[PDB]
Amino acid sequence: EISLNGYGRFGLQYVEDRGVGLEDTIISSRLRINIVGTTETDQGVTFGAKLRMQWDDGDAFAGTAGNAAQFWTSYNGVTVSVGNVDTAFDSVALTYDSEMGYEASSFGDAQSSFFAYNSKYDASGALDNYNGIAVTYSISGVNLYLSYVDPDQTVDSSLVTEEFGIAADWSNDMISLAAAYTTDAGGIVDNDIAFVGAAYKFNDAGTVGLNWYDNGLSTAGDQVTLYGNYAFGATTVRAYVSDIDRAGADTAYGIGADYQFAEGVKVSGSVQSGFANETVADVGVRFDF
C-alpha cells in the first residue's frame, strides 16, 4: 500500500531592510508531498518507508526532487526507524508551540544546532552517508524518544562525532511537561543542549507555557521563552516573548492570529521582532490535501 499526502501554503513574507537592492516583501510559498509505503502483517507488525518531495520559492534550478529515505517497524506501540530519522530534540512536545504565522516561525524556538529530519537533498554532499537510528515508545500519557545519528556511517566510528538524544513528554487534561537532552548536537563536539518546558491549559480555548533552553555552544546562551494562545471559536490569537543570555540582545516578541477557514484550510499572520531587532511580518494560507 502506498499513500500520498501533503500540503501547500502561500502568502506575503515581509522583513524590513531585507537587503540593499532587494525587495522587503516577496511571495513565499511551499509545496510538500509525502510518499508513504506500508506493509501490514497479521502478526501485528507494520513495515513502512516514506519519501518527501518538497519545493520552496527560491530553490535552485526551479526544480523538485526526493530526499533520503526513512524506514521503520512498529509493534506494540514501539517504533524503530532507520535512515533519515526524526530526532528526539526535534520530536518532543511543547518545544515549537510558540510559533505563529503561515510559515510557523518564532524567535522563541531554540537557538541551537541539531540534527532533524532532512526534507530536501543536500548539494554539499554532507548528508551522502548520514544515517540514523531512532526509537519511540508511548506508555500512555508518557512519550519516549531516543535518537542516534552518524553523519558518515562509512567512516570508522572513532573518527566521527555522533549525536545522541533522549527526550520525554507527559500530559493530562490541563498540565504538560517535556524535557530533552542531546549530546554532540549537530555532530558538533561539546555542543550539549537541553530543553525543559511546562504548559498549563488554563481553559479549553487557551494555554500558557514556559520553555527553557541550554543552547550548547550557541552564542545565544541560555534562553527562556514565554508564550500563550487563546481560541475564540475559529480564530486563535498567539503571543510570545523570548530572552537569551547573549550580551546586548533585544527581547524577542511576536503577536499573531490563526483563522480556521475550513477543515484543512488555515489562514495565519504575524508580526515578530528578533533578538537583533529584526522586524518580520507574514500573512498567508495553508491547505492540506
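Counting begins at 1, following the sequence as shown.
None, 1 to 3, 4 to 9, or 10 or more: how many residues of the deposited sequence lack coordinates between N172 and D173? None; the chain is continuous from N172 to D173.
Quick one: say whether 121-129 or 156-164 has the higher mean Cα B-factor in the deposited entry. Taking the mean B-factor of the alpha carbons in each, 156-164 is higher.
Hey, which bit's got the bigger mean C-alpha B factor in the entry, 93-101 or 207-215? Going by the record's values, the stretch with the higher mean is 207-215.
Which of these has the highest Cα B-factor in the record: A185, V85, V80, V142? The listed residue with the largest C-alpha B-factor is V142.
Among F115, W72, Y75, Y148, single out the one with the highest C-alpha B factor in the record, please. Of the options given, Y75 has the highest CA B-factor in the PDB entry.
Among the modelled residues of its chain, does the C-alpha B-factor of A65 lie in the lowest, middle or highest third? Lowest third - that is where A65 ends up once the chain's C-alpha B-factors are sorted.
Within this chain's modelled residues, let me know which third the CA B factor of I27 belongs to: lowest, middle or highest. Lowest third, going by the recorded CA B-factors of the chain.
Hey, what third does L12 fall into on Cα B-factor, ranked over its chain? As the PDB entry reports it, the C-alpha B-factor of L12 lands in the lowest third of its chain.
Relative C-alpha B-factor of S270, binned into the chain's lowest, middle or highest third: According to the entry, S270 has a C-alpha B-factor in the chain's lowest third.
Is the Cα B-factor recorded for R52 in the lowest, middle or highest third of its chain? As the PDB entry reports it, the C-alpha B-factor of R52 lands in the lowest third of its chain.
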